[PDB]
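Everything on this sheet refers to the single structure shown next.
Protein chains in written order, with the deposited numbering: chain A, 193 to 321; chain G, 2 to 88.
Below, the structure written as structure tokens:
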């Protein structure tokens, strides 16, 4: 929909910052085993532009739809890693500890409309995320 | 020890890491096994040896004897180090 959304659950009662990077063939992600890639340690690191929004204990990292990828989620507490083969999308939190992280699958409803409103009732209608 | 720098994009990364780990493992003094350590080793703090301690030329570098040959009445000498005398 709006984009590709990665949820980061943390222990802060506030709004931790998140910095997103992307890189291929870092140590342990090479297809033919350790150091079988074209640039040992990892190829070009790209900074990914994110739009962040917050609720208590949950950061929602909205990235452009073009970056959308599958993959294993690794939680290292200081950083979250979205590993898809050779590709890694790295999320670095500031001022909190990552509790759990995941690509948002169950997404919140959207076009909320109040119709047929009377003194005693109203009808709420929406659209799936 | 002279280790070879590990950089992003390097060739022979696995072998250079292996050689460096092997270099460190064979040059370092470890908390187990029998070893031989070369070089002048100066210890800042306290040192205790629970096992058998063994040293070279003890009597020469700790015990010094100075006596007057021609008279035997007065001994005059330049102290080799800081010490306790037994006249």
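Cβ atoms here follow ideal geometry from the backbone N, Cα and C, with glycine treated the same way.
| Check | Outcome |
| --- | --- |
| Coarse secondary structure for residue 38(G), derived from DSSP in three states | coil |
| Assigned exposure category for residue 35(G) - 16 Cβ within 10 Å defines buried | exposed |
| Contacting residues, own chain, Cβ-Cβ under 6 angstroms from residue 237(A) (five flanking each side not counted) | 213 and 215 |
| Residues that DSSP places opposite residue 297(A) in a beta bridge | Partner(s): none; residue 297(A) has no beta bridge. |
| Stretch-stretch touch, CB-based, cutoff 8 angstroms, three pairs: the stretch 195-210 of chain A with the stretch 250-262 of chain A | yes |
| Interface flag, residue 283(A) vs chain G, CB-CB below 9 angstroms | no |
| contact_flag[the stretch 4-18 of chain G, the stretch 228-237 of chain A] where n(CB pairs < 8 angstroms) is 3 or more | yes |
| Pair within 9 angstroms by beta-carbon distance, residue 218(A) and residue 316(A) | no |
| Cβ-based neighbour list, residue 222(A), same chain, cut-off 8 angstroms, excluding 5 preceding and 5 following | 228, 229 and 278 |
| For residue 156(A): DSSP bridge partner residues | Not covered by the structure: residue 156(A). The range shown for chain A is 193 to 321. |
| CB-CB length for residue 319(A) against residue 302(A), believed under 8 angstroms | 5 angstroms |
| Chain-ordered neighbours of residue 227(A) on chain G, where CB pairs are closer than 7 angstroms | 14 and 15 |
| For residue 283(A), the first and last residue of its enclosing beta strand (DSSP E) | 279-286 |
| DSSP state of residue 204(A) mapped onto helix, strand, coil | coil |
| Coil, strand or helix - residue 24(G) by DSSP | helix |
| Contact list for the stretch 213-242 of chain A against chain G, Cβ threshold 7 angstroms | 226, 227, 231, 232, 233 and 234 |
| Cβ-based neighbour list, residue 30(G), same chain, cut-off 7 angstroms, excluding 5 preceding and 5 following | 36 and 38 |
| Alpha-carbon to alpha-carbon, residue 47(G) and residue 251(A) | 53 angstroms |
| Segment limits, beta strand (DSSP E) that includes residue 61(G) | Residue 61(G) -> not in any beta strand (DSSP E); alpha helix (DSSP H) instead, spanning 59-63. |
| Chain A contact residues for residue 11(G), given Cβ-Cβ distances below 7 angstroms | 232 |
| Residue 242(A) classed as buried or exposed, judged by whether at least 16 other C-beta atoms fall within 10 angstroms | buried |
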